[PDB]
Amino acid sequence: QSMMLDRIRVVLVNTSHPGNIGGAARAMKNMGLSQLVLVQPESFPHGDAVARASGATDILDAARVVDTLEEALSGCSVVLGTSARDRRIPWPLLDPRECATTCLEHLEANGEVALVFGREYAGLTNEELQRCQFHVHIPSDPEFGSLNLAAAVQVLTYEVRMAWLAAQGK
């Protein structure tokens, strides 16, 4: 199919900087994704989000704003949460590529995937992470492993697109 990417929900939890929402929206659009969900964002709507969303204001316009992570994950068949610190057994830890493979398996099965991203400052709570079935870590310099929020979104969606293309022989 090609409407597969529309079944990927990008969930941003309690975003502090509105420019990161715009940046995430742009990263999404560049990769073929459209469904953005915001859980209690600090400031939204906001000019800085629009500013950073060059060519992707439509995503921001269609964004769902909710009060809880539970509400954000409603209807999903699989939830993958991002972690920049590291592993919690028994939850499996995957890299961006493995994340992409799982996403497409679920999409091909006609499921709904959710990709969860945390706060710039604190990330995701343990409680939030536990609502996920898989955890995803972007390999990085251990002394400086925290990527900008929108940049993390870009890496994941990129891998997702790469996996989707390959599944098509592209």
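Quick note: we count residues from 1 along the sequence shown, nothing fancier.
message: I need to verify one thing: averaged over C-alpha atoms only, is the B-factor higher for 76-84 or for 92-100?
response: For C-alpha atoms only, the mean B-factor is higher in 76-84.
- prompt: On average, which has the higher Cα B-factor in the deposited entry, 141-149 or 25-33?
  reply: Comparing averages over the C-alpha atoms only gives 141-149.
message: Splitting the chain's C-alpha B-factors into thirds, which one does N14 fall into?
response: Tercile = middle for this residue's CA B-factor.
- request: Consider only the C-alpha atoms of the modelled residues in this chain, order them by B-factor as the entry records it, and name the third containing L129: lowest, middle or highest.
  value: It belongs to the middle third of the chain when residues are ordered by C-alpha B-factor.
message: Looking at the temperature factor on the CA atom of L38, which third of the chain's modelled residues does it land in?
response: Tercile = lowest for this residue's CA B-factor.
CA B-factor ranking of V65, expressed as a third of its chain: It falls in the middle third of the chain.
query: Where does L115 sit by CA temperature factor within its chain: lowest, middle or highest third?
result: According to the entry, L115 has a C-alpha B-factor in the chain's lowest third.
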